[PDB]
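Only one chain is included here, represented as structure tokens and corresponding to the form deposited in one PDB entry.
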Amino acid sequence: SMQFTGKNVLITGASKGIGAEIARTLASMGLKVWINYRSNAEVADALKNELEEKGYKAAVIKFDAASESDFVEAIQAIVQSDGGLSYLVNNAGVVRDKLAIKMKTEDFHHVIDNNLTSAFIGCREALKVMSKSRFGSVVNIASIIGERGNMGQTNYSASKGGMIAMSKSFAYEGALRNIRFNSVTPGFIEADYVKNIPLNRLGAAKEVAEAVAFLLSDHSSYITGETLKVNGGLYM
């Protein structure tokens, strides 16, 4: 457990994987989790059935991370459900990995608009909602690639690295009302590459979730604009 002065969190793309279990962890710490799905709701409902069976608070929502009006409408509906929003985890992510010579401009705009523009909308809405309350925390999930780069991921790396830089800029803008923006760059998360990780194992999603939790927490209070490398030593 950790302190959380805030009350609820919204987690984009949280029906499965990492997203699902940031929801699962944050709810275990007493926060109301807003699990976002984009296509099916059988799995997102199953997640909050697991949650509420365990006595935590969960609630699902449908909206495309890429869409400004859908995301904005949503954030609005959560504000008037719960009387405001406290924390955001910009998690929605997709890849289309190709060599550059085999990659077109659409294979690039997809990953940009769908990995990066979503996070821009989210952080800007964060500024908007959390200003009166003078409090909040936002965490963008980035990658190790947004830092070192990878062969075959010219679009994914651009999207993440831009996310990190923008995120620093959002931290600048949100500090004036006591809002923290930070970034988490996971390494490889669950086998050739294991030899390259010093901890000699694939990171589990619960570790990335607990890192996000520390960042949203009040144990990160003077931490803004940082980029938290959760890679087991894969990049230093």
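Counting begins at 1, following the sequence as shown. Residues that one form lacks are left out of the comparison. Rigid core: the largest C-alpha set superposing within 1.5 Å between the two forms.
Not on display, but discussed next: the form deposited in another entry.
Student: Core-aligned, between the shown form and the other one, one residue among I121, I164, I144, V79 moves its CA by 2 Å or more. Tell me which.
Tutor: Between the two forms, the residue that moves is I144.
Student: What happens to the Cα distance from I121 to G146 in the other form: does it get closer or farther than here, with a change of 3 angstroms or more?
Tutor: Farther apart, by at least 3 Å.
Student: Which is it in the other form for the CA atoms of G146 and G152, closer or farther than here, knowing they shift by 3 Å or more?
Tutor: It is closer: in the other form, the C-alpha atoms of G146 and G152 lie at least 3 Å nearer than they do here.
Student: Just list the residue ranges, at least 3 long, where Cα displacement is 2 Å or more throughout between the shown form and the other one after aligning on the core.
Tutor: 143 to 150 is the lone stretch that moves between the shown form and the other one.
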